[PDB]
Amino acid sequence: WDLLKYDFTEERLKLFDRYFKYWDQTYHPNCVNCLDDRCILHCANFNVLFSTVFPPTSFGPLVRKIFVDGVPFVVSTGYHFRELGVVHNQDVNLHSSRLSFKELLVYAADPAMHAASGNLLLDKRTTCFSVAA
Amino acid sequence: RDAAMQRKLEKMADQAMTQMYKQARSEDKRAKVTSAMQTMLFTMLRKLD
Amino acid sequence: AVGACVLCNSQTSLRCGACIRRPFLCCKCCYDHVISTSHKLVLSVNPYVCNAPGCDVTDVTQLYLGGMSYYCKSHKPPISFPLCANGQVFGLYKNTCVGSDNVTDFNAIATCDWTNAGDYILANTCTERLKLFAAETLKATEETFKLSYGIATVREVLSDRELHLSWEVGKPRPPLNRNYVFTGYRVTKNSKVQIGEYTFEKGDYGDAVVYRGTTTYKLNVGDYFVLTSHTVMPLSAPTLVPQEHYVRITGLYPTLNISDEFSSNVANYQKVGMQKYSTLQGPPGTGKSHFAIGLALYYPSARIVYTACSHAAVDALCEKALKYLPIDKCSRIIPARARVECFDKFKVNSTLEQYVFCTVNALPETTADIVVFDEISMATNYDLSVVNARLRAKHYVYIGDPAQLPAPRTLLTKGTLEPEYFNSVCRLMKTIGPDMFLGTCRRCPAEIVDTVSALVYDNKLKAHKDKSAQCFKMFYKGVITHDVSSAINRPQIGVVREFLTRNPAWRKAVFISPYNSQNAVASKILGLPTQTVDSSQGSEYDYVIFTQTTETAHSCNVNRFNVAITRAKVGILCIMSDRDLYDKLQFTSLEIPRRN
Ligand SMILES: [Zn+2]
Ligand SMILES: [Zn+2]
Ligand SMILES: [Zn+2]
Ligand SMILES: [Zn+2]
């Protein structure tokens, strides 16, 4: 798999058809479209199953390059859950002027900048997925 | 009354004054942490592009 | 939000919010501000309002300090005292607050409207903090006035240079001027994007006008045009540094002798090395920007800043400057916005070179040894204060001549500004003189330098080449045949119907005239381009046909007449019912019905 691909929706639908054809209830690969909470559980279960196939680097925050007062940033605009598929933020604005306290907080708290401005790391003391030092 | 009610005037003036001093301190440290956050963001950004 | 009183400078956190800019007043000062004028709204770090719901009473004089908040007379707690008492409003630092009685000029500036001359008169002759406050208030007021304007939708984009722009409905259209720069807005449907900044100009006719833009991103028919804006920023640096004379060169390391043509200027460079700051008067065409480049070469081991106001001004400073000077240069002013193409030489942001040609409004954080400022006929106290706030050099020199035209200042409708009350630099350079005069002019003809010396000047500047063909054919002005409220002196042009053939070597002459309408109506039936002196402060012309207008003082201004003659090389003519102006100007007087 290429490093940049992160959608992975039709693959889930095709696996669902290949292995569970005659299951008699709808299945939304992206739980954003679910109805009530019971459909959320029903679809998150299959997502838990299928997400053990795809590469592990393609999970976590989705970042993108935004500008404020002529300065390029790197902030996150969504996620890619192992259970709830892909989620996109609704209120995102490129080209800003100034940031007030609220936005300063939500930008300083993201791991996007911290990880994008750090050295790669390969920790062999563990087996969990490392990210950056 | 002129011996006690004015002491109540004094206590209320003093508590309002102290509260508004502490509020001034709140807004001051507010501006300070704001400056700190933004300088940290800028210096972190200047290492990636 | 604690600060020093704008009158007595005792620590305070009091402001009267009804005043537009909200300055720091002491307890006494704020009391005087609230009992006398209409600012019946006072605020400390917390607002002073009846905190009762439904009771929105405003003035503090009808408030009473309650348990924790301030309440009105009605919803008052039984145990409460007022907030206006013994001449001090209830706030911080009650006992160390000193106040004074200078509340007079304070109310004068806090209650003025800037629509008259006398307001600007007082704003120029008040105390330092009062002067900065007046500057701030008038800048905020002109910002709100410009924002009181509106939009301008495009009818047709003829070209990148010719534009058909109609303005808002039921709205006073902004005149064809260079100062009002227009930002463009084109909505997808959905997302209105800023399409850049654009400048306009009166065309050769109507309604298609000439215009220039910062971008090749061309316009469209649905775009709408509004003038750009911002917010007025506070200032803390004073207007002018005090004078400091020095008995010896204060670190100023000169050159040996390199271009001895600047010997008449080294006698002034030594003086600039002898003091902290000074002023220089360079008439149009005199040793102006040559003086400064000679100062640059003579002291080549010191960081120097050059500054102006307009992009045309900083470019007229930039021209001959790249000649006498190694390059090895820097003059970086505008990173993202010059409506007209500005500097195109080297980088945007490194402060690389020791000489920099910039503008006051766009000066970055730089340090130097002197900042030589031209065009002091157009700067205000605000530009002086931001010069002092942006540059902290070892020397300063204000170059310029007050006999030129002032700032627009559209709000002035009752009266006119004398340059002595234009700004502080002009006040000093006309009360004590520029204390450093440079002579003489060399470009203009001598017949418009010695004959024009008799007017606002004192017969001290000179030039050469008196010949030829400089005659004033005084026509008797006819009735005002105006279409727009601006007068059309077509009878005055009645002296020019028989002029296109009798002038053999004069076909590329220039029709100049004060009124924009008088330039336009001439441009209808034209034979040569038109350019009013407002578009020219950095332009030279060989021939010129100055056309005057009605007997009003708007036409008989010695300042504009001066600045309108000094843009010629060979000849110029005066066509005016002049009763006394031709007595100080000694050429041959001609009459219109006679061709000699
Ligand atoms: Zn579902
Ligand atoms: Zn006020
Ligand atoms: Zn005071
Ligand atoms: Zn009330």
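If you check the header, you'll see the entry was determined by cryo-EM and the resolution is listed as 3.35 Å.

Could you give an account of the overall build of chain C, with specific residues and numbers?
For chain C, the helix and strand inventory stands at 13 helices and 23 strands. Along the longest, intermediate and shortest principal axes, the C-alpha atoms of chain C span 95 × 65 × 55 Å. Of the contacts made within chain C by residues no fewer than 6 positions apart, 68% connect residues no fewer than 24 positions apart.

Outline the pattern of salt bridges, listing residues and values.
Residue and element names in this part refer to chain B. Inspection of the entire model under this criterion finds 11 salt bridges over all chains. With a closest N to O distance of 3.9 Å, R25 and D28 form a salt bridge. On the criterion of helical spacing, the pair formed by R25 and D28 is a turn pair, its members being 3 residues apart in helix α1 (residues 5–45). Residue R25 is classed as partly exposed on the basis of its relative accessible area of 45%. Taken together, the shared-partner salt bridges connect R25, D28 and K32 into one network.

I'd like a rundown of α1(B), residues and numbers included.
Along its 41 residues, α1(B) runs 60 Å from first to last C-alpha, staying within 8% of the 60 Å computed at 1.5 Å per residue. Within α1(B), the full set of buried residues consists of B:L9, B:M12, B:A13, B:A16, B:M20, B:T34, B:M37, B:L41, B:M44 and B:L45. Looking at the buried residues of α1(B), the elements they touch are β3 (71–72), α3 (101–108) and α4 (111–116) of chain A together with β3 (63–65), β4 (70–72) and β5 (81–82) of chain C.

Break down the sheet that holds strand β18 (residues 395–399) of chain C for me, citing the residues and quoting the values.
Residues and elements named next belong to chain C. Taken together, 5 strands build an open sheet; the order of strands is β14-β18-β17-β15-β16 and the sheet is parallel. Taken across any chain shown, the strands that pair with only one partner, and hence form the sheet edges, are β14 (277–280) and β16 (355–359). Taking the axes of each pair of neighbouring strands and ignoring which way they run, one obtains an average angle of 15° across the sheet. The strands touched by helix α6 (residues 288–298) within the sheet are β14, β15 (304–308), β16, β17 (370–373) and β18, with β15 carrying the most contacts at an inclination of about 165°.

Tell me about the coordination of the zinc ion (ligand 2), residues and numbers included.
Protein ligation of the zinc ion (ligand 2) involves C:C16 (SG), C:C19 (SG), C:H33 (ND1) and C:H39 (ND1), the donor distances falling in the range 2.2 to 2.4 Å. Coordination at the zinc ion (ligand 2) is irregular: its 4 donor atoms span angles of 71 to 161° at the metal.

For the coordination of the zinc ion (ligand 4), give the residues involved together with the corresponding values.
Within the first shell, the zinc ion (ligand 4) binds the protein through C:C50 (SG), C:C55 (SG), C:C72 (SG) and C:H75 (ND1), at distances of 2.1 to 2.3 Å. One way to put it: the 4 donor atoms around the zinc ion (ligand 4) meet at angles of 78 to 136°, and that makes the site irregular.

Describe the sheet that holds strand β1 (residues 62–64) of chain A, and please don't skip the residues or the numbers.
Residues and elements named next belong to chain A. Within the open sheet, the 3 strands sit side by side as β1-β4-β5. Their pairing is antiparallel. The open sheet has two edge strands, β1 and β5 (86–88), and neither has a second partner. Between one strand axis and the next, the sheet turns through 30° on average, direction left out of account. When strand β4 (residues 75–80) meets β5, the two strands line up antiparallel, connected through 3 bridges. Within the sheet, the bridge partner assigned to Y79 lies in β5 and is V87.

Analysis parameters
By convention in this text, residue numbers begin from 1 on each chain and track the written sequence, not necessarily the entry numbering, and residues missing coordinates are not displayed. For this description, chains carry letters from A and ligands carry numbers from 1, given in the order in which they are written. What you see is one piece of a larger assembly, and the values refer to that piece, not the whole. Only hydrogens and water are set aside; all other atoms, that is, all heavy atoms of the structure, feed into the side-chain values. Residues with missing side-chain atoms are left out of burial classes, side-chain pairs and their counts. Put simply, DSSP H or I for four residues or longer makes a helix, DSSP E for two residues or longer makes a strand, and each gets a number counted from the N terminus. Only heavy atoms enter the contact rule, under which two residues are in contact if any of them lie within 4.5 Å. Take a side-chain nitrogen of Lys or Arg and a carboxyl oxygen of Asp or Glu: if they are within 4 Å of each other, that pair is a salt bridge. Residue exposure (1.4 Å probe, protein chains only): buried if accessible area is under 20% of the type maximum, exposed if over 50%, otherwise partly exposed. In a helix, the anticipated span is given by 1.5 Å times the number of residues less one. Strands pair, by our definition, only if DSSP identifies at least two bridges between them. Orientation is described by lines fitted to C-alpha atoms, with helices fitted over the stretch in contact, and by angles between N-to-C directions that extend from 0 to 180 degrees. Each metal's donors comprise the N, O and S atoms found within 2.8 Å of it (within 3.2 Å for Na, K or Ca). Water is not part of the atom list, so some coordination spheres may appear incomplete. Under the classification used here, a metal with four donors is tetrahedral if each angle lies between 85 and 135 degrees, square planar if opposite donors are over 155 degrees apart and the others between 65 and 115, a six-donor metal meeting that same test is octahedral, and anything else is irregular.

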